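One chain is shown next in structure tokens, namely the form deposited in one PDB entry.
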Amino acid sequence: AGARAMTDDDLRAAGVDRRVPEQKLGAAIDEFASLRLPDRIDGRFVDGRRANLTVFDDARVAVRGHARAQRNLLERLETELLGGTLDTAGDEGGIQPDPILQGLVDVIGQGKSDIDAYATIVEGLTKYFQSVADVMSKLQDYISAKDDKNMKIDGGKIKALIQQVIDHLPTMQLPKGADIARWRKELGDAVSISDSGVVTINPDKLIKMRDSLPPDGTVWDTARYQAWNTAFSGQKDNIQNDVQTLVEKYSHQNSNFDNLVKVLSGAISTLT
């Protein structure tokens, strides 16, 4: 009933602790960055780190947790504001305007939509993110020491892995009523949005990684592999960068939400 929400504590106490989804999201980014391709050093061969796909796992359901907590607080806030003390003949709701209550309701709905949308988008990017990290581990089965001066890389097969990720790239769908124009500008080049609100991920960075590979059975000297490794790993870093940026935008949204329920709560108090 009394949907209390005046301090960051009141929130957390309700389970709405924005620090968690972002810690996990940070966790993953940390994982994705720890990924390394095999290498050859001083004449030796160094295994790479295969992606701990779990770390990704704990990030997305938290983001899914939070959006439920955020959505259950807004709802509680919204039940309180609409009605409260009755009079006689007024179910009051977009029929006999004049009150400012109306305006808060819409603020709320924008709150809903925003919560959902960032949740779906972040859902998807982390999928995409997990897929790429799956590949940076799967492709390591296709690289190995040949001579004590050469490497073997079955790039034809790695091209295969990368392409599968590109064919089953996570598809996103923005809530009914969103201003797609505002969303394309905010999420940037990393993604593209139709007009039905269908969010898709730009496979451009995966394409360059894919087009960078040699054919299956190639044998490389250490200088050649290093060059490829660096070039490959730099594009991977490029992807980390895109996900990091949306993660900051998402924490900003989590922040906006925190101020939102606060203003809404004092507001209800005011009219209370």
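Residue numbers run from 1 along the displayed sequence. Between two forms, the rigid core is defined as the largest C-alpha subset superposing within 1.5 Å.
Would you say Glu186 is commonly dropped, meaning unmodelled in a third or more of the other compared entries that have residues on each side of it?
In all of the other entries, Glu186 has coordinates.
When the other entries of this protein are compared, is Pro170 unmodelled in at least a third of them?
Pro170: modelled in every other compared entry.
Mean C-alpha B-factor higher for 130 to 138, or for 98 to 106?
On average, C-alpha B-factors are higher across 98 to 106.
Would you tell me which stretch averages the higher CA B-factor in the PDB entry, 5 to 13 or 256 to 264?
For C-alpha atoms only, the mean B-factor is higher in 5 to 13.
Options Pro203, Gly43, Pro38, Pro214 - largest CA temperature factor per the record:
Within the set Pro203, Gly43, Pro38, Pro214, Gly43 shows the top C-alpha B-factor.
C-alpha B-factor winner, where the candidates are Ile153, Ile121, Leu161, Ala89:
Comparing C-alpha B-factors across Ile153, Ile121, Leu161, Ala89, the maximum falls on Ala89.
By its CA B factor, does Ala51 count among the lowest, middle or highest third of the modelled residues in the chain?
CA B-factor rank for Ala51: highest third.
Looking at the C-alpha B-factor of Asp114, is it in the lowest, middle or highest third of its chain?
Tercile = lowest for this residue's CA B-factor.
Relative to the other modelled residues in the chain, which third contains the C-alpha temperature factor of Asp57: lowest, middle or highest?
Tercile = highest for this residue's CA B-factor.
Just say lowest, middle or highest third for the CA B-factor of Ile143 relative to the other modelled residues in its chain.
Lowest third of the chain for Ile143's C-alpha B-factor.
Name the third of the chain's ranked CA B-factors that contains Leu125, choosing lowest, middle or highest.
Lowest third - that is where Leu125 ends up once the chain's C-alpha B-factors are sorted.
The discussion below concerns the form deposited in another entry, not included here.
Once both forms sit on the same rigid core, is the C-alpha displacement of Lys236 at or above 2 Å between this form and the one not shown?
No, because once the rigid core is superposed, the C-alpha of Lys236 moves less than 2 Å between this form and the one not shown.
Examine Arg40 after superposing the rigid core and state whether its CA is displaced by 2 Å or more between this form and the one not shown.
Superposed on the core, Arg40 moves its C-alpha 2 Å or more between this form and the one not shown.
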